[PDB]
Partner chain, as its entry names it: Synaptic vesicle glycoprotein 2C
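What follows is one chain in structure tokens, specifically the form deposited without its partner chain.
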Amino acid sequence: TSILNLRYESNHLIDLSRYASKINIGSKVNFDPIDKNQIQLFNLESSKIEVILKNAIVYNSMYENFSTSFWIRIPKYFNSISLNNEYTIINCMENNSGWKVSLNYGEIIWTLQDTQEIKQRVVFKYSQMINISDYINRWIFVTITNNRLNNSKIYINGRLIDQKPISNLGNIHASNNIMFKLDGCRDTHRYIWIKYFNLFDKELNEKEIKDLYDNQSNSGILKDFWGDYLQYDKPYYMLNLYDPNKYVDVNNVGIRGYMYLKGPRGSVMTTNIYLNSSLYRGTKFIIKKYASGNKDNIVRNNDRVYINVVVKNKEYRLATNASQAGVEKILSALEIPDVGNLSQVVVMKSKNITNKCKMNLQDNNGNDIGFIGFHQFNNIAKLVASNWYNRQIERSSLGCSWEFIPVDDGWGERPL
């Protein structure tokens, strides 16, 4: 229903809409090999994508409503040179009329301007002085709607963020093309990841925006902390949403030892720019395939897997003896050769509807032992598998919600 539906098809970035508007790709544009719909634009003249709109959809009106949506992953701002430096990323301004998307330290901006030098801006602001952010360097769904009779609105992940009146604006005559390119950015190392760009010839309503968000989420695939597809054979630092201030560690290797959540997570910072919780802490987890019939390494919603834990640059197996006394089965890191008949098969979950990563442990008969979470024993938060979690969800809907964090250049932290 969109008038512009930019998607990487066969082996080309094209417009799937009935208009099939022309796309020109610069020589320095990078496409994520795992999913070429994810596009990286650098702060280079050559890193750009230009869309030549069909004449029928070029915006030139005082009354027609329109909306745009796309996902974006913005690297954390590292230098003061980024303070007070708004730079355009998506431009559809002809002379001095039209619309554009721009960024600045801690914000995403939408700007509209008519042919009479009258303009309005709607802004989404996010902090870099926060323990754990839902926005910094993570895939965010942006939706901007425009009703010529009243206001322009910006939504983030389906929720209304800001709205401003635009009824005072007259005729808006946008450009014949849309330029995706970093313009006016003084940070030479700056870049952005963007995907699923769409243009709509109407003001989308809350329901439509919500459905759009859910559909483009690819809910059948698990995602890492940054929002990318969760993968097999990839080391990840663990984060438990119930207590974000702790990280995973191992008391000792073996069935007589155990995995647990440990103390203060570090802190990372750059004076007056950012102050966040350290994300590269604790023993890393590596997800291993249970069945090898599927060649790709993407972890999907009901995949059975094994969880390997890295301790002193050596891999061990997450497992437990379900024969233990109580409901809460304390988890241990086992020598892979000696796992024996211990319960170790994990069913990954990304939705039941969507939810953060969940791991449901099962015994070798395929019977549920419980979602992996943690429980306090002698003042220590030990990792456990517990059917209590499953039951609690079985009745309405946590200590069993996890985030898998891989090292990413958009975060900047130095591991080890």
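Numbering follows the first chain given and starts at 1.
Here the subject shifts to the form solved in complex with its partner chain, a form of this protein not shown in this document.
The stretch among 106 to 114, 231 to 239, 276 to 284, 190 to 198 whose residues place heavy atoms within 4.5 Å of its partner chain in the bound PDB entry is 276 to 284. When its partner chain is considered in the bound PDB entry, only one residue from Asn215, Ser292, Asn205, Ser267 comes within 4.5 Å through any heavy atom, namely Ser267. Within 4.5 Å of any heavy atom of its partner chain in the bound PDB entry lies no heavy atom of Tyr126. Taking the partner from elsewhere, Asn341 is found to have every heavy atom lying beyond 4.5 Å of its partner chain in the bound PDB entry. Residue contact check for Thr271: one or more of its heavy atoms lie within 4.5 Å of its partner chain in the bound PDB entry.
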